[PDB]
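The next block holds one structure in the form of structure tokens; read it before the comments.
Residue numbers (the authors' numbering), protein chains in the order written: chain i2, 28 to 63, 79 to 106; chain i1, 55 to 63, 75 to 106.
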């Protein structure tokens, strides 16, 4: 017999769901607002899609 | 002058290739040769 806990959980649960969606929109809006290296060039010449991880290894491979 | 006139006239390839394998990206000998030359440069 604990109804106070029931209301407390309902409050935290619904608030999280509501603001969780708002967090997504907030990131998209601020990201769109903010929108408006040797290994990087060589790979672009070969028009090969390169991930950030691959760039790190090649740089480490040279320095190492 | 005479000696001056006379002077005037693989593993790294495997390392880079293995890396390109892990990312399953298309690799060509020209790219590997340049990266190898890029390492020495």
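Cβ atoms here follow ideal geometry from the backbone N, Cα and C, with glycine treated the same way.
Residue 85 (chain i1) to residue 51 (chain i2) span [Cα, whole Å]
Their Cα atoms are separated by approximately 35 angstroms.
Helix or strand or just coil, what does DSSP make of residue 90 (chain i1)?
The answer is coil: DSSP assigns residue 90 (chain i1) none of H, G, I, E or B.
Rounded to a whole number of angstroms, what is the C-alpha to C-alpha distance between residue 48 (chain i2) and residue 99 (chain i1)?
Spanning the two alpha carbons is a distance of roughly 47 angstroms.
Helix, strand or coil at residue 95 (chain i1) according to DSSP, with G and I counted as helix
In the structure shown, the three-state DSSP call for residue 95 (chain i1) is helix.
Beta-carbon contacts of residue 105 (chain i2) that lie in its chain and below 8 angstroms, excluding the five residues immediately before and after:
Once the five neighbours on either side are set aside, residue 105 (chain i2) has no close Cβ partner at all.
Looking only at its chain, what residues have a beta carbon closer than 7 angstroms to the beta carbon of residue 87 (chain i2), apart from the 5 residues adjacent to it on each side?
Once the five neighbours on either side are set aside, residue 87 (chain i2) has no close Cβ partner at all.
With 16 as the cutoff for other CB atoms within 10 Å, does residue 81 (chain i1) come out buried or exposed?
Classification for residue 81 (chain i1): buried.
What in chain i1 is Cβ-close to residue 84 (chain i2), meaning under 8 angstroms?
What residue 84 (chain i2) touches in chain i1: 96, 99, 100, 103.
Do residue 83 (chain i1) and residue 108 (chain i1) come within 8 angstroms of each other at the CB atom, strictly closer than that value?
For residue 108 (chain i1) there is no data in the structure shown, the boundaries of chain i1 being 55 and 106.
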